[PDB]
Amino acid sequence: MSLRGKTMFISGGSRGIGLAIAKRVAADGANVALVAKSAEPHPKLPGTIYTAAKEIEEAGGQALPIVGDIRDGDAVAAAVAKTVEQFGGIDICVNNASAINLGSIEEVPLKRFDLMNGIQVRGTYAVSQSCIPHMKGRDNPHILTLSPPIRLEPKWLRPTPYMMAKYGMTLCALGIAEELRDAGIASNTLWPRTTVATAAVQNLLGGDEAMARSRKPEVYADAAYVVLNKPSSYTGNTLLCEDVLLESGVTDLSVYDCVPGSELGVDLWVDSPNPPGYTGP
């Protein structure tokens, strides 16, 4: 199996994890539409949708960068319609747009909350809803949402704003899995076990330094790829990247380590940097 001739709609996509997923899918000769709020370069975060588009093309795919605020429902509709008029249908919807603040309810004002809820909970809903009609006909359609398993033990219910937003994304994805089961559209979530170091991290740290406790964005891209090739019956799952990769046949997870043979750190909502019983390097 292969994503050749298939079309992806991805929120974000302009850097880091989203870019790596876009690139991986593009490498099979896929189409990728990517939507972001602005096309102006940021002084500290690398990339724009346009430079993302070049990288998608250089990888072997066709790119459609679209300017649109995921918090504006009309802009979302317009971006999907534009994807459909250009590529003819949607095989893959990846909800990657994100927003983060790790403060408590006492520290995170309503305006910051709305940006998180807006982009992630509302955004995942609007993007997914708008994609769904254009996915019904297709060979093996997948919605994939970049969010964590719902962990209900007290330690995990923190910090509240961000947990609400991320769990809200996952709940959207799991609900959709049930509501679209008869239509045959897969909806899954996918989350990495460690922190993922992206170029943006280097830029903000201000150095060319090794993130020894972290993994590369490829861990997410390769895991996504495996999931997007499963049958549309593989649905309603809250998946971890490394676990997905071992189940697929990868034996050596060190190829994802920023620095191999280090003690790895853990992502939020994850107990261990590696799957249970992993013995590889």
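Numbers for residues come from their place in the sequence shown, where the first is 1.
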Higher-scoring stretch by recorded Cα B factor average, 61-69 or 218-226: 61-69
Per the entry, higher mean C-alpha B factor between 30-38 and 232-240: 30-38
Criterion, highest CA B-factor; candidates, 83, 187, 147, 195: 83
C-alpha B-factor winner, where the candidates are 114, 178, 107, 208: 208
B-factor third for the C-alpha atom of residue 138 within its chain: highest
Residue 261, C-alpha B-factor rank within chain (lowest, middle or highest third): highest
Entry-reported Cα temperature factor of residue 154, expressed as the chain third it lands in: middle
Chain thirds of CA B-factor: placement of residue 100: lowest
Record-listed C-alpha B factor of residue 90: chain third: middle
